[PDB]
Amino acid sequence: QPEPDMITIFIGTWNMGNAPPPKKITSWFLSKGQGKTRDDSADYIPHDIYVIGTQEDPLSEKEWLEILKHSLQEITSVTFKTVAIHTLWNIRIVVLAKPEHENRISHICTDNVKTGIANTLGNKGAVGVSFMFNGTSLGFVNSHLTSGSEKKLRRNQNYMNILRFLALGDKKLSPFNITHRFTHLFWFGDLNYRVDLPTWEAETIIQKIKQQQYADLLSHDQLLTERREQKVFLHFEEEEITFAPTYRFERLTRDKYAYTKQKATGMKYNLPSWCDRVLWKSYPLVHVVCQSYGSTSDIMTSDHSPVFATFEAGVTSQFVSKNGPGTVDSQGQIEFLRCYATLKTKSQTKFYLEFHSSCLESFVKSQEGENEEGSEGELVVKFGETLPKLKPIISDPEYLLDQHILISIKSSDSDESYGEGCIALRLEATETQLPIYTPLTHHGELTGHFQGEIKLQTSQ
Ligand SMILES: CCCC(=O)Nc1cccnc1Cl
């Protein structure tokens with residue numbers, strides 16, 4: 023029974039509006055409705071993993087698990103196994119997997135982050151799950167961010183708090199936040215970013231939606247504009263949106279957007295918006311392809327419509343050789359030539375690097391770099407040919423070329439990371455000097471760059 027090199031993952035996000043779901047929600051899991059939808063010929067083919075995020079979820083965990091599992095069993099005739107379930111207030115994540123995957127899944131972590139302070143602490147935040155699927159680390163975040171058209175900056179702040187404080191994945195990756203801990207990270211939820219057009223334009227927006235003309239609306243979508251200005255979700259991907267705004271509907275139909283200010287909305291307008299989103303970030307040169315991204319049309323208990331996204335994701339096997347795990351394989355090495363970090367910091371400490379990778383027995387600390395001044399004000403930290411030779415556990419190129427090296431540049435004075443990034447070992451050649459590059463971030467914001475050359479020796 024061979025190990026897979028690809029799986030498919032279903033991501034759902036649905037703000038349930040504190041109402042129980044209708045009796046049938048199968049269209050969600052089938053990726054049917056509006057947008058990039060799944061072919062009918064696939065309807066009986068189960069996804070490998072289903073990850074369901076809800077917000078304003080009024081159900082108990084038990085109640086929702088019974089609906090989800092019976093939904094999937096009706097579609098696929100498979101009884102899915104529960105990998106994890108975690109709830110913060112009314113924000114919930116469920117991970118279900120095909121039974122054949124039970125002994126491929128391990129290291130399951132759950133966590134939550136509560137956003138805001140005093141006033142603004144008590145219903146927004148995020149839940150998440152991570153696990154290993156054979157050799158591949160997977161992370162999933164369902165966030166319910168701050169509401170209201172004039173709170174995009176708060177949403178951006180919520181995002182940074184969640185990625186700083188959500189404690190998922192391998193705790194030994196201490197310099198790295200969730201945006202670096204996983205082969206594949208999926209972040210979804212009621213992100214609550216709005217279409218930023220004047221209130222007076224509400225009926226014009228509705229007209230555009232009825233004509234399926236989204237271009238002039240998407241050009242004002244706050245998540246797309248904040249991401250283009252590098253204010254949020256730096257280095258994440260999102261499929262093109264080709265479905266109608268998923269908020270705010272009159273319940274029990276989809277024929278009406280309810281946008282006008284009401285006491286129940288705090289006298290705020292809710293112009294039609296793409297509140298409900300799925301984004302991802304995968305390590306460089308790992309296969310990930312979005313195969314659906316859309317909304318359902320026939321689930322109408324909430325003022326939001328459910329959103330679905332599906333992905334092909336590359337996975338790797340739990341590799342064993344005669345040498346590693348449990349020792350190094352002297353026929354493998356990773357060398358760095360002519361490396362330097364360019365940092366945005368105004369500070370003047372010495373810096374050193376740490377290399378972290380599950381291809382190493384443990385992380386590797388470099389010597390301190392040599393600081394120089396860049397021509398446009400920058401700090402340049404030069405490592406030259408001084409970086410330690412990395413000793414992978416396994417030399418087989420079928421393993422090593424699928425690996426990644428995480429890099430943190432740390433202050434000698436504080437041991438605090440000033441920047442994190444990731445280098446793929448999926449090189450064009452071995453035993454050949456090749457350019458490498460990663461942006462460096464800290465708390466998910468850009469702080470610099472790391473570039474140089476790599477020379478990878480495998481057993482071939
Ligand atoms: C609800 C948690 C039950 C559980 O232990 N799930 C699990 C763990 C490891 C691998 N696969 C699965 Cl389904």
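Take any residue in the sequence shown, note its place counting from 1, add 22, and you have its number in the numbering used here. Think of the CB as a built atom: it goes at the ideal place given N, C-alpha and C, for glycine as much as any other residue.
Fill in: Cβ-Cβ separation, residue 167 to residue 212 (assumed contact under 8 Å), whole Å
7 Å
Worksheet item: Is residue 101 near ligand 1, in the sense that its beta carbon is under 7 Å from a heavy atom of that ligand?
Response: No - ligand 1 has no heavy atom lying nearer than 7 Å to the Cβ of residue 101.
Worksheet item: What do you reckon, are the CB atoms on residue 363 and residue 471 nearer than 8 Å?
Response: yes
Worksheet item: Buried or exposed: residue 214, going by 16 or more other Cβ atoms within 10 Å of its Cβ?
Response: buried
Item to complete: In the DSSP assignment, find the unbroken beta strand (DSSP E) run with residue 160 in it and report its ends.
Response: 158 to 166
Practice prompt. Would you mind sorting residue 46 into buried or exposed? The rule is 16 or more other CB atoms within 10 Å of its CB.
Written response: exposed
Item to complete: Tell me whether residue 119 counts as near ligand 1, meaning its Cβ is closer than 7 Å to at least one heavy atom of that ligand.
Response: yes
Discussion item. So, with DSSP's three-state summary, where would you put residue 479?
Written reply: Strand at residue 479.
Worksheet item: Where do the N-terminal and C-terminal ends of the beta strand (DSSP E) with residue 427 fall, by residue?
Response: 426 to 433
Fill in: Alpha carbon of residue 248 to alpha carbon of residue 254, nearest angstrom
6 Å
Item to complete: Could you check how far apart the C-beta atoms of residue 42 and residue 81 are, in whole angstroms? I think they sit under 8 Å.
Response: 7 Å
Worksheet item: By how many angstroms is the C-alpha of residue 359 removed from the C-alpha of residue 156?
Response: 32 Å
Worksheet item: Taking the alpha-carbon positions, what's the residue 179 to residue 398 distance?
Response: 30 Å
Discussion item. What does the Cβ neighbour count give for residue 408, buried or exposed, with the cut at 16 atoms within 10 Å?
Written reply: exposed
Fill in: For residue 93, the nearest candidate out of 31, 50, 449 (CA to CA)
50
Practice prompt. Go through its chain and collect everything with a Cβ distance to residue 432's Cβ below 8 Å, but skip five positions before and after it.
Written response: 197, 373, 374, 375, 376, 438, 439, 440
Worksheet item: What is the rounded straight-line gap between the Cα of residue 72 and the Cα of residue 146?
Response: 23 Å
Practice prompt. Assign residue 53 to one of two classes, buried (16 or more other C-beta atoms within 10 Å of its C-beta) or exposed (fewer than that).
Written response: buried
Item to complete: Find the nearest neighbour of residue 13 within the set 269, 347, 302, judged by alpha-carbon distance.
Response: Here the chain has residues from 23 to 482 only, and residue 13 is not among them.
Practice prompt. Quick one: which unbroken beta strand (DSSP E) runs of 3-plus residues sit fully inside the segment 60 to 97? Chain order, please.
Written response: Taken in chain order, the whole beta strand (DSSP E) runs of length 3 or more contained in the segment 60 to 97 are 71 to 77.
Discussion item. Does the structure place the segment 183 to 191 close enough to the segment 319 to 333 that three or more beta carbon pairs sit under 8 Å?
Written reply: no
Worksheet item: In terms of residues, what are the limits of the beta strand (DSSP E) holding residue 377?
Response: 373 to 378
Worksheet item: Which residues does DSSP pair with residue 299 in a beta bridge?
Response: BP columns for residue 299 point to 211.
Item to complete: Inspect the beta-carbon positions of residue 10 and residue 383 and report whether they are closer than 8 Å.
Response: Because the chain is modelled from 23 through 482, residue 10 falls outside the range shown and cannot be assessed.
Item to complete: Please find out if some non-hydrogen atom of ligand 1 comes closer than 7 Å to the beta-carbon of residue 263.
Response: no
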